[PDB]
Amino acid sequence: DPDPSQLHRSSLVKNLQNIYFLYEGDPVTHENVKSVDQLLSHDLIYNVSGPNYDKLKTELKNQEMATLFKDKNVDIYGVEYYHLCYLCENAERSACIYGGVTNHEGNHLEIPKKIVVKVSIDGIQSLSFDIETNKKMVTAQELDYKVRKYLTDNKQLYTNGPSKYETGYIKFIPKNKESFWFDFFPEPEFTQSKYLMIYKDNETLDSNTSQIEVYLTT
């Protein structure tokens, strides 16, 4: 578990709104789509449209993972960025994400699984809410975005300026796997593209057995 020393201080961050706009906006979501191209051996390019893009590139873990989803119909759920997301200098309206991929066939639920998020602020676990997913195997990114979105709208985790909290992080607890975590704040000088690397491994958890804990300090 994170030691207080290695947690990013939100007050040191210059341009914290750049994170706010990543988690305040809508995520890119598409279902039953298939890769159409590749730039590097570890990414995949989809022909999908959303507001602000008509092409989507996702960067996976390595070439092994990419070629695994290459000819499969998948679902994409991710947090995109547009700056530093080039395809060929001639392809405008492009969007980029890390991971956010899972197989379409056989991964949906007719009735969605609600995960109850245990949020703790300043040591006291004074908050809890449910998040939702209709996927059996869901990426940590989809659940992460959903938690931050709620905390943003309701508890002002992020605002178009400073944040309400100094430090904070989310922790996923898989049943048979090792628990991992993400820091809600980036380094003082950062980039959306570098911060979102936390999604590159494309870690997917079983929505039926996983737990989520959030820890924030004022």
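Residues carry their position along the shown sequence, with the first being 1.
The PDB entry records a higher mean C-alpha B factor for 200-208 than for its counterpart among 20-28 and 200-208.
Set 174-182 against 53-61 and average the Cα temperature factors; 174-182 ends up higher. The residue among 142, 130, 80, 105 whose C-alpha atom has the highest B-factor in the PDB entry is 105. Of the residues listed, 85, 117, 137, 74, the entry assigns the biggest Cα temperature factor to 85. Ranked against the other modelled residues of its chain, the C-alpha B-factor of residue 68 as given in the entry falls in the highest third. Ranked against the other modelled residues of its chain, the C-alpha B-factor of residue 42 as given in the entry falls in the lowest third. Sorting the modelled residues of the chain by their CA temperature factor places residue 165 in the highest third. Ranked by C-alpha B-factor against the other modelled residues of its chain, residue 156 falls in the highest third. Residue 214: CA B factor lies in the lowest third for its chain, per the PDB record.
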